[PDB]
Amino acid sequence: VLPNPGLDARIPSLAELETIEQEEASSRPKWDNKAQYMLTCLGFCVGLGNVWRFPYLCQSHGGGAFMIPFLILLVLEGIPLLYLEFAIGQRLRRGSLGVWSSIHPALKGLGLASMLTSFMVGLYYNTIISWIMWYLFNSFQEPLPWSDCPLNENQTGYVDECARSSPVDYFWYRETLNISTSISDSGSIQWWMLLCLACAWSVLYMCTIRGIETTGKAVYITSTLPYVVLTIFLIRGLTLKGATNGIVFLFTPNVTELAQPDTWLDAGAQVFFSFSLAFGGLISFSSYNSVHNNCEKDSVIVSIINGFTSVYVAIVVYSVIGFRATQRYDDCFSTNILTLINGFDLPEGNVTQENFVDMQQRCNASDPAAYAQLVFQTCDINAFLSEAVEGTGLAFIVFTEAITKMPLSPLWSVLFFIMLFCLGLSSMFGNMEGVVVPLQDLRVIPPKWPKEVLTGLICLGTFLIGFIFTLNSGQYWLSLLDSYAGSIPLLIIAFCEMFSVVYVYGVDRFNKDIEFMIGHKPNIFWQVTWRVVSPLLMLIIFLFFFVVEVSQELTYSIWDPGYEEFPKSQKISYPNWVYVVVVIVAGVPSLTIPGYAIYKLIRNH
Ligand SMILES: *[C@@H]1O[C@H](CO)[C@@H](O[C@@H]2O[C@H](CO)[C@@H](O)[C@H](O)[C@H]2NC(C)=O)[C@H](O)[C@H]1NC(C)=O
Ligand SMILES: *[C@@H]1O[C@H](CO)[C@@H](O)[C@H](O)[C@H]1NC(C)=O
Ligand SMILES: *[C@@H]1O[C@H](CO)[C@@H](O)[C@H](O)[C@H]1NC(C)=O
Ligand SMILES: *[C@@H]1O[C@H](CO)[C@@H](O)[C@H](O)[C@H]1NC(C)=O
Ligand SMILES: *[C@@H]1O[C@H](CO)[C@@H](O)[C@H](O)[C@H]1NC(C)=O
Ligand code: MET
Numbered sequence: 005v006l007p008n009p010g011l012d013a014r015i016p017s018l019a020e021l022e023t024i025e026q027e028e029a030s031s032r033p034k035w036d037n038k039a040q041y042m043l044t045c046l047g048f049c050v051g052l053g054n055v056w057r058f059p060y061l062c063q064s065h066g067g068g069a070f071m072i073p074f075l076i077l078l079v080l081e082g083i084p085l086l087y088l089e090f091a092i093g094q095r096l097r098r099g100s101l102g103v104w105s106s107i108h109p110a111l112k113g114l115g116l117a118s119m120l121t122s123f124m125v126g127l128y129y130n131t132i133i134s135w136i137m138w139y140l141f142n143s144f145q146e147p148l149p150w151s152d153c154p155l156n157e158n159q160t161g162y163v164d165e166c167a168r169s170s171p172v173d174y175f176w177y178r179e180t181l182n183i184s185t186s187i188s189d190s191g192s193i194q195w196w197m198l199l200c201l202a203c204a205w206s207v208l209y210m211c212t213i214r215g216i217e218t219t220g221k222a223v224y225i226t227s228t229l230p231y232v233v234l235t236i237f238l239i240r241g242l243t244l245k246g247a248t249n250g251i252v253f254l255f256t257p258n259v260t261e262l263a264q265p266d267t268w269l270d271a272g273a274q275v276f277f278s279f280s281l282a283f284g285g286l287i288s289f290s291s292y293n294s295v296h297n298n299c300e301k302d303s304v305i306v307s308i309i310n311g312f313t314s315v316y317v318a319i320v321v322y323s324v325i326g327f328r329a330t331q332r333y334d335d336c337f338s339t340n341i342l343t344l345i346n347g348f349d350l351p352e353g354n355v356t357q358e359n360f361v362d363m364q365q366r367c368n369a370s371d372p373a374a375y376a377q378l379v380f381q382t383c384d385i386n387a388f389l390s391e392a393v394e395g396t397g398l399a400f401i402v403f404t405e406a407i408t409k410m411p412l413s414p415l416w417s418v419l420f421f422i423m424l425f426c427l428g429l430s431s432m433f434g435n436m437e438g439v440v441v442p443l444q445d446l447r448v449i450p451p452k453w454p455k456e457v458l459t460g461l462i463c464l465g466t467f468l469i470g471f472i473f474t475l476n477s478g479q480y481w482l483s484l485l486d487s488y489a490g491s492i493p494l495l496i497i498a499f500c501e502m503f504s505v506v507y508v509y510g511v512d513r514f515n516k517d518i519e520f521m522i523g524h525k526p527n528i529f530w531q532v533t534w535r536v537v538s539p540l541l542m543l544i545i546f547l548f549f550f551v552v553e554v555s556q557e558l559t560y561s562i563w564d565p566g567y568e569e570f571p572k573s574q575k576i577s578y579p580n581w582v583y584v585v586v587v588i589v590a591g592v593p594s595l596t597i598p599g600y601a602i603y604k605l606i607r608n609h
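Sequential numbering of the sequence shown, starting at 5, is according to the entry's author numbering.
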């Protein structure tokens, strides 16, 4: 165990903390019910990262190789680190920065890396909400806007790119975003998304005006709504035409795929983002309730209420992906049948889906010169499932075309998008708490000002920085920041704290501490998973990320309607300067830990 001098006289004495609890009646807020606490920590570690990043990170890796590693890494790392951070948040009685500043005070960097990364994530995790509510505004009309192609100035046919692609892709790629051909090409500001950005950053600031005592009621409402609308959509999904053909595709593991470092790294970077570990949000939430609270129970139940709603959203999403795939397959087959009969004049009900191959052999032996002119298609299932589906285009290109092929669609669409909105709002509640708490714990604003002014300043600042995603070339910036800021700094912060708690604070002190708090030493499981397995797994994930960054080309997809075979996605490389951004997003917020450590150890000569 590292020396760590002066650990006492900086933290409460373990024998007088229940006396300190009385001073917490006025200087700190407190939860009204236990239910509010469990719901807020349940509404913070769920949503938009189980529907918008999970199925993409599943499909890219086939679809079956991202469910075994995810669950192993869950049961091995998501639970123990979460229990650890709950227990600290309750013992040390301070926010997300005052804790890591009491353990070996040269470790205040974590209080800054966590703040910076919870800011960088919230920078775009709000413009996603902006797009969602822009879609929600376009409902409330009986013919859905994305159900037809608009005609040109010369009313004879559809516009070009609406004809060569789906009618729903000419609502996301040309009417909503108006995407330009390349990231180096950026144009106007696109007011009609400034409106939605302002509305999103206003709803958020209208809900979290005072930290707690104002997220309470919004947690009562917007953390139970998704758990009934999700079931309503599951019941409708499993009775579709193409169900049981997608959810069976989800669970067939391509065994030679989970033997690649890429899938392991993706599961590792996703199990920390499905929760909110290393964000600095759960420390502060678990720093309010009373002392003699059974910190274990809550931890375990939350760990098993989220990891369950992670395969309960994968089922509902793949139950729609399979439906869309089998629909396109039947359409291709009907088109082939039609191209055959229009060419040979056969009756209507003699070429059906089972005697097709024999009937096609039965014509080529009768008109060999008339047959070898028809351009047949090719279409087989298990090739329409693994298609070009990416984030920002999984919950807006799939669910919005399968929502218009059901009766009374102007209701299902509104229900689905209110589900997504009230599923993504909670997360931002927690994140804004995790960015506001360490700021006023830094004495950055004179303490005589109210809390509303600081929340308003943060909201205005992040809104004004959020003009970068509303340009034409806007979806590319978002894809880039999403990838890198969700991948790299999270796991390094998590490892650094998981090491600092068990090897700088002592594990035995923490042990008898939790013993006095709840009333029993933790089982052997927690001991073994805290002392050896958790840091060892982390190192592996780290090296895998470092071996999955070199030797893998850095490419992004463009739209470019002028390029031939246009329905397919064209893939190019970023310009050279982009690495600069890749630093300022994956650097400073994950390098201020050793930087501050060196600054503090070289201040003391
Ligand atoms: C199952 O995963 C393997 C990887 O282990 C896939 O094999 C790759 O397939 C792509 C096809 O685009 C090739 O470019 C790679 O060279 C293959 N790699 C290896 C190591 O064989 C395989 O395609 C996957 N299964 C299916 C049905 O696609
Ligand atoms: C439609 O008609 C107008 C006038 O007849 C013509 O100028 C225009 O070019 C036509 N549209 C196209 C796409 O050619
Ligand atoms: C979409 O962007 C193009 C730039 O390529 C611009 O000319 C056009 O005006 C934009 N759409 C609308 C409706 O303004
Ligand atoms: C379709 O027509 C062919 C020729 O008229 C006939 O042999 C075949 O039996 C018909 N289909 C069925 C299902 O009877
Ligand atoms: C059609 O029959 C000819 C033999 O007359 C053969 O050479 C050709 O490959 C056949 N085409 C198909 C599609 O079977
Ligand atoms: C500011 S956290 C962003 C979303 C949330 N943490 C989640 O994992 O769903």
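A virtual CB, placed ideally from N, CA and C, is assigned to each residue, including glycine.
Continuous alpha helix (DSSP H) stretch holding residue i: start and end
i: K455; result: 455-469
i: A399; result: That residue, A399, is in no alpha helix (DSSP H); it is neither H nor E in DSSP.
i: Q194; result: No alpha helix (DSSP H) contains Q194, which DSSP labels as neither H nor E.
i: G284; result: Note, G284: premise wrong, no alpha helix (DSSP H); not H, not E.
i: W268; result: 265-278
i: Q331; result: 315-348
Residue range of the beta strand (DSSP E) that includes residue i
i: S561; result: 559-562
i: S577; result: 574-577
For residue i, the three-state DSSP class (helix, strand or coil)
i: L424; result: helix
i: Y139; result: helix
i: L96; result: coil
i: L155; result: strand
i: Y292; result: coil
i: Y162; result: strand
i: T44; result: helix
i: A376; result: coil
i: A167; result: helix
i: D12; result: coil
i: residue 634; result: The structure shown does not extend to residue 634, since the chain spans only 5 to 609, so no value can be given for it.
i: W205; result: helix
i: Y583; result: helix
i: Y567; result: coil
i: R240; result: helix
i: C62; result: helix
Straight-line Cα distance separating residue j from residue i
i: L286; j: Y603; result: 28 Å
i: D564; j: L389; result: 24 Å
i: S561; j: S186; result: 9 Å
i: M502; j: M42; result: 23 Å
i: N182; j: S573; result: 17 Å
i: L378; j: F400; result: 36 Å
i: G246; j: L61; result: 22 Å
i: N298; j: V223; result: 22 Å
i: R95; j: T248; result: 48 Å
i: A387; j: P59; result: 17 Å
i: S338; j: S370; result: 23 Å
i: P265; j: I76; result: 15 Å
i: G395; j: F473; result: 15 Å
i: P526; j: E519; result: 8 Å
i: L468; j: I462; result: 10 Å
Residue from the options with nearest C-alpha to residue i
i: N435; options: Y60, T121, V103; result: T121
i: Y488; options: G470, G591, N297, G510; result: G591
i: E89; options: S280, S594, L398, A117; result: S280
i: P442; options: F123, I83, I341; result: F123
i: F175; options: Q531, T235, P154; result: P154
i: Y600; options: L11, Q40, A117, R98; result: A117
i: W534; options: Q381, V551, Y507, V172; result: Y507
i: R14; options: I107, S278, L461; result: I107
i: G99; options: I518, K452, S291; result: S291
i: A406; options: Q194, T382, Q159, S151; result: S151
Notebook entry, point to check: Is there contact here, the stretch 319-326 with the stretch 35-50, by at least three beta-carbon pairs under 8 Å?
Noted result: no
Check: Quick one: any contact between the stretch 258-268 and the stretch 57-75, if contact means 3 or more CB pairs under 8 Å?
Finding: yes
Item checked: Cβ contact (3+ pairs, closer than 8 Å) linking the stretch 417-424 and the stretch 221-239 -> Under the Cβ criterion (8 Å, minimum of three pairs), the stretch 417-424 counts as touching the stretch 221-239.
Notebook entry, point to check: Taking three-plus beta-carbon pairs below 8 Å as touching, is the stretch 491-502 in contact with the stretch 474-482?
Noted result: no
Item checked: the stretch 78-89 contacting the stretch 525-540, beta-carbon criterion three pairs below 8 Å -> yes
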